[PDB]
Amino acid sequence: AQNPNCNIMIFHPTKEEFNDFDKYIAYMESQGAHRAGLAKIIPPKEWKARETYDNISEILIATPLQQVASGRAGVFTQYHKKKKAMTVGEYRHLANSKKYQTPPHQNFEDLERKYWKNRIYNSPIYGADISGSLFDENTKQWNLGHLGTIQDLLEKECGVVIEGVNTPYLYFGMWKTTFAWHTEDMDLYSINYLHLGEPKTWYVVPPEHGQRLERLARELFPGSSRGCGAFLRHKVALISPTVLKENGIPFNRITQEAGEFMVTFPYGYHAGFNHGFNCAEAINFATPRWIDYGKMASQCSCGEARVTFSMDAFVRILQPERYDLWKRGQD
Ligand SMILES: O=C(O)CNC(=O)C(=O)O
Ligand SMILES: [Mg+2]
Ligand code: NI
Ligand SMILES: [Zn+2]
């Protein structure tokens, strides 16, 4: 069995290996990369996502989200308070202001310490989930707006033709902006490219141990657990590495820098934070190996998780027993 300790693997494809996306994903899995839940892919030196970022400040963040925390430093939830629209230029200036800027630090480890110590005492503003792409249309390799669609994959594997579309999303971050513990919708893969700026630290639980994290989360967030049998789908709960280690939960960590891709694998729980002003692009995708995870994915039916149009068909075809209850949650 490849990668039996479920370590995060880092890949350095050549320019030739970077041509066929699906083939490279399947290669990484042949080496056991999925067992970690997360892999890093460093593009060949000849590749670029676009020519420059000199012209992005006019993008609009229509609904910036202020991430307000409740709890204790290692075990907290966050809620998103909607703020007035601002441009990326405005948001960058805000990120760099004395109130929001990254503090002086020695290295990534010192910064990680500071994040876990102090996160809850601040409310950083995240420009998340913005439909769009920063890949040049002429970038032919690993262009996250030109991937094969999940609808087409389900059609190829299962023969059924369904409605829905699959487009990328931009994320503008600042110091302390946080992504809560989650798997993807329908336990899909994700791919995330850090276009520019400061790093992003990731934490991940191997898919084979995801239920250990869920059981801890039910213990740590007992009201939430009574409200919903899949409350991590609400994407609000944080648990620190120290707390994970105290409770024997297997996990790994890695820091993504600008110019790097990360892939999350089906049912790989992940969480993390941004080091400073940055911009990432991400999208969900599927492979044939996903289909069995899609069929078994938990679902939030309490009404909180509220998701895209395209998840309807995935539930309807892969989980017909659950469909009626899940759709009641959506409506
Ligand atoms: O970058 C972020 O804030 C969160 N991204 C992801 O969870 C992902 O790419 O799957
Ligand atoms: Mg612009
Ligand atoms: Ni994710
Ligand atoms: Zn719910």
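Starting from 1, each residue takes its place in the sequence as its number. Only this structure's heavy atoms are used, side chains among them; waters, hydrogens and symmetry mates stay out.
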Student check: side-chain heavy atoms of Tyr171 and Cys279 closer than 4.5 Å: no
Can a side-chain donor-acceptor contact be found between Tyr189 and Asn284 if the only test is distance below 3.5 angstrom? no
Determine whether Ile191 and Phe21 satisfy the following criterion, side-chain contact (heavy atoms from CB on, under 4.5 Å), listing intermediate values before the conclusion. CA-CA 11 Å; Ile191 181 164; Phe21 183 85; 3.6 Å; yes
Other than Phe179, what residues sit in its cluster of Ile, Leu, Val, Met, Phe, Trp and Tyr side chains whose heavy atoms are under 4.5 Å apart, directly or through others? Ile8, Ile10, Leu38, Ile42, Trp202, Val204, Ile254, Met262
Among the clusters formed by ILVMFWY side chains lying less than 4.5 Å apart, do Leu194 and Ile61 turn up in the same one? no
Just by distance, do the side chain of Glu260 and the backbone of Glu257 share a donor-acceptor pair under 3.5 Å? yes
ILVMFWY network linking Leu134 to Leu60, side-chain heavy atoms under 4.5 angstrom: no
Keeping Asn122 on the side-chain end and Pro124 on the backbone end, is there a donor-acceptor pair under 3.5 Å? no
Keeping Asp152 on the side-chain end and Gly148 on the backbone end, is there a donor-acceptor pair under 3.5 Å? no
So, do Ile162 and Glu155 sit near enough that their side-chain heavy atoms are less than 4.5 Å apart? no
Just wondering, are more than 12 heavy atoms of other shown residues or ligands nearer than 6.0 Å to CD in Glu16? yes
Side-chain contact test, heavy atoms from C-beta onward, threshold under 4.5 Å: evaluate it for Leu196 versus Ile56 and give yes or no. yes
Salt bridge (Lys or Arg N to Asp or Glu O under 4.0 Å), that's the test. Do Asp187 and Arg233 meet it? Break it down for me. CA-CA 10 Å; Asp187 298 342; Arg233 300 280 170 206; 2.9 Å; yes
Check the pair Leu325, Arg322 against side-chain contact (heavy atoms from CB on, under 4.5 Å), reporting the backbone distance first and the verdict last. CA-CA 6 Å; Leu325 190 69; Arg322 288 184 172 172; over 6 Å; no
Assign the ring pair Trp290 / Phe314 to parallel, tilted or perpendicular, where the plane angle (0 to 90°) is split at 30° and 60°. perpendicular
Measure the acute angle between the ring planes of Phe172 and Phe277, then classify it against the limits of 30° and 60° as parallel, tilted or perpendicular. parallel
Go through it in stages, so that I can follow the logic: the residues are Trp175 and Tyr100, the test is ring pair (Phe, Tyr, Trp, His ring centres under 6.0 Å), and I'd like the CA-CA distance, side-chain angles, deciding distance and then a yes or no. CA-CA 7 Å; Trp175 172 235; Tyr100 293 107; over 10 Å; no
How about CD on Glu163, more than 12 heavy atoms from neighbouring residues, nucleotides or ligands closer than 6.0 Å, or not? yes
Within 45° cone of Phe18 ring axis and under 6.0 Å: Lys15 NZ or CZ: no
Under 3.5 Å, is there a donor-acceptor pair between the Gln67 and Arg119 side chains? no
So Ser225 and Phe231, side-chain contact (heavy atoms from CB on, under 4.5 Å) or not? Walk me through it. CA-CA 6 Å; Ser225 178; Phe231 78 96; 3.8 Å; yes
Option from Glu184, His34, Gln211, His209 for which side chain to side chain contact (heavy atoms under 4.5 Å, CB included) with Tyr267 holds: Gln211
Hey, is the main chain of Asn96 close enough, under 3.5 Å, to the side chain of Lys99 for a donor-acceptor pair? no
Is there a donor in the side chain of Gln141 and an acceptor in the side chain of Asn19, or the other way round, less than 3.5 Å apart? yes
Under a 4.5 Å cut-off applied to non-hydrogen side-chain atoms, are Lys114 and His105 in contact? yes
Under 3.5 Å, side chain of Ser240 to main-chain N/O of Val243, donor-acceptor pair present? yes
Got a donor-acceptor contact below 3.5 angstrom from the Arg92 side chain to the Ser57 backbone? no
NZ/NE/NH1/NH2 to OD/OE distance under 4.0 Å, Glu29 and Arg35: no
Can you tell me how far apart NZ (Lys83) and OG (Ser123) are? Round to the nearest 0.5 Å. 9.0 Å
Could you verify whether a donor N or O on one side chain and an acceptor N or O on the other, from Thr178 and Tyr115, lie under 3.5 Å apart? yes
Flag, side chain of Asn247 to backbone of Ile249, donor-acceptor distance under 3.5 Å: no
Keeping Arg50 on the side-chain end and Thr52 on the backbone end, is there a donor-acceptor pair under 3.5 Å? yes
With distance as the sole criterion, is a donor-acceptor pair present between the side chains of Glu198 and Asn274 under 3.5 Å? no
Check the orientation of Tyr203 and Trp181. Use parallel for under 30°, tilted for 30 to 60°, and perpendicular for over 60°. tilted
For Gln256 and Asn192, run side chain to side chain donor-acceptor pair (under 3.5 Å): C-alpha distance rounded to whole Å, both residues' side-chain angles, the deciding distance at 0.1 Å, then the answer. CA-CA 10 Å; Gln256 176 191 23; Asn192 182 302; 3.2 Å; yes
Between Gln66 and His80, is any side-chain donor less than 3.5 angstrom from a side-chain acceptor? no
Below 4.5 Å, heavy atoms only, C-beta onward: do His195 and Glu281 meet side chain to side chain? yes
Flag yes if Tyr24 and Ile150 sit in one hydrophobic cluster, no otherwise; membership is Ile, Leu, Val, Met, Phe, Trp, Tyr, and two members link when side-chain heavy atoms are under 4.5 Å apart. yes
Can you find a pair of side-chain heavy atoms, one from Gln299 and one from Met186, that are under 4.5 Å apart? yes
Between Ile125 and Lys81, is there a side-chain heavy-atom distance shorter than 4.5 Å? no
Salt bridge or not for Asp312 and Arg316, using N-O below 4.0 Å? yes
Are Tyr269 and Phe251 close enough, and set up right, to give a ring pair (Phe, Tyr, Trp, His ring centres under 6.0 Å), and what steps lead you there? CA-CA 9 Å; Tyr269 274 104; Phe251 76 94; over 10 Å; no
Would you please test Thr255 and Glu112 for side-chain contact (heavy atoms from CB on, under 4.5 Å) and show each step? CA-CA 10 Å; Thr255 300; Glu112 178 185 42; over 6 Å; no
So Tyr193 and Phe135, would you call those rings parallel, tilted or perpendicular, with 30° and 60° as cut-offs? tilted
Please check if the distance between the ring centroids of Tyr91 and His93 is under 6.0 Å. no
Verify whether one side chain among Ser30 and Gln2 offers a donor that lies under 3.5 Å from an acceptor in the other. no
As an exercise, state the distance from CG of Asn143 to CH2 of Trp47, rounded to the nearest 0.5 Å. 8.0 Å
Taking the side chain from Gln31 and the backbone from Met28, do they hold a donor-acceptor pair closer than 3.5 Å? no
Are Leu232 and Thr183 packed together at the side-chain level, in the sense that at least one heavy-atom pair is separated by less than 4.5 angstrom? no
